[PDB]
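J.: Attaching a single structure in structure tokens format; questions to follow.
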Amino acid sequence: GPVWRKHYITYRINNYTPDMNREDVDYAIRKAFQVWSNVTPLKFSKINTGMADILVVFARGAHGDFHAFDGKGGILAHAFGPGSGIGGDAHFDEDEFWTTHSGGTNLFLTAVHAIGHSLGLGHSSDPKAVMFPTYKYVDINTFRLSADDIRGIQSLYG
Ligand SMILES: O=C1NC(=O)[C@@](c2ccccc2)([C@]2(c3ccccc3)NC(=O)NC2=O)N1
Ligand SMILES: [Ca+2]
Ligand SMILES: [Ca+2]
Ligand SMILES: [Ca+2]
Ligand SMILES: [Ca+2]
Ligand SMILES: [Cl-]
Ligand SMILES: [Cl-]
Ligand SMILES: [Cl-]
Ligand SMILES: [Zn+2]
Ligand SMILES: [Zn+2]
Ligand SMILES: [Zn+2]
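Residues 106 to 263 in the entry's author numbering are what the sequence shown lists, from first letter to last.
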């Protein structure tokens, strides 16, 4: 792909944004993984110790890779495709204001997109797809992947 060569994938939250209650961050990240397990045989486990496949990091500016962040706006997050070490990891720009609601940038929606990259998906050219390369705020209560996103991930895993 690269794709993960297993269906049991671990993640760990490296650090928490002070923008949100910790329980809200946990829920947003858990649900973002669940979106993808809903349409594939992938199974994600949150681990609290040891080395996870996907490390979730909040950082600002230059943060140890070739993808330095840019302050508020613009780059919200980036993620590496499947592989060892930094492979799979998902980084969120701390200069954004992360929220559960309509203010700032919505963490769950950003994480669904970032995790798609952590799984090996590229971008969609369809403006309505979750994997379109522009952030779009939508209602979480009615949230669904587009057919294009579903076809993409199932091609990789299903
Ligand atoms: O304009 C963008 N800013 C983003 O962070 C990004 C994005 C993030 C979450 C959801 C949709 C879009 C994007 C990005 C980041 C840096 C430069 C360009 C795009 N980060 C990413 O993982 N895919 C992207 O398209 N697109
Ligand atoms: Ca499943
Ligand atoms: Ca990793
Ligand atoms: Ca930014
Ligand atoms: Ca912040
Ligand atoms: Cl922390
Ligand atoms: Cl599952
Ligand atoms: Cl778990
Ligand atoms: Zn980048
Ligand atoms: Zn990074
Ligand atoms: Zn993207």
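From the three backbone atoms N, C-alpha and C, an ideal C-beta is built for every residue, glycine too.
Taking C-beta to C-beta, are residue 264 and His196 nearer than 8 Å?
T.: Outside the shown range of the chain (106 to 263) lies residue 264, about which nothing can therefore be said.
J.: Between residue 274 and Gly193, which are expected to be in contact by the criterion C-beta below 8 Å, what is the C-beta distance as a whole number of angstroms?
T.: The question about residue 274 has no answer, for the chain in this structure spans 106 to 263.
J.: What whole-angstrom Cβ distance do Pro107 and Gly225 have, given they're in contact under 8 Å?
T.: Contact flag correct, Cβ pair sits at about 6 Å.
J.: Taking only three categories from DSSP, how would you classify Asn211?
T.: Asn211 falls in the strand class under three-state DSSP.
J.: Distance, Cα to Cα, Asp175 vs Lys148?
T.: Rounded to the nearest angstrom, the two C-alpha atoms are 33 Å apart.
J.: On a Cα-Cα basis, can you pick out the residue from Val161, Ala184 and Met125 that is closest to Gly208?
T.: When each option's Cα is compared against that of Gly208, the closest is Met125.
J.: Is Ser142 near ligand 8, in the sense that its beta carbon is under 7 Å from a heavy atom of that ligand?
T.: Flag unset: Cβ of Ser142 not near ligand 8.
J.: Would you identify the three-state DSSP class for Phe202, choosing helix, strand or coil?
T.: Here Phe202 sits in coil by DSSP.
J.: Could you tell me whether the stretch 236-252 touches the stretch 203-219, using the rule of 3 or more Cβ pairs below 8 Å?
T.: Touching, per the Cβ criterion.
J.: Kindly indicate which three-state DSSP category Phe138 falls into: helix, strand or coil?
T.: Looking at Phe138 - three-state DSSP - the assignment turns out to be helix.
J.: Which residue wins for smallest C-alpha separation from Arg110, given the options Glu128, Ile255, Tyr121 and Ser223?
T.: Residue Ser223 is the option with its Cα nearest to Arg110.
J.: Using DSSP's beta-bridge definition, name the partner residues of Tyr113.
T.: Answer by DSSP bridge pairing, in chain order: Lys148.
J.: I need the straight-line Cα distance from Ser251 to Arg127, nearest angstrom please.
T.: Computed Cα separation, rounded: 29 Å.
J.: Grab the span of the alpha helix (DSSP H) containing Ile255 for me, first residue to last.
T.: Looking at the DSSP string, the run of the alpha helix (DSSP H) that includes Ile255 is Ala252 to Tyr262.
J.: Under a three-way DSSP split, which group does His222 fall into?
T.: Of the three classes helix, strand and coil, the one that applies to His222 here is helix, per DSSP.
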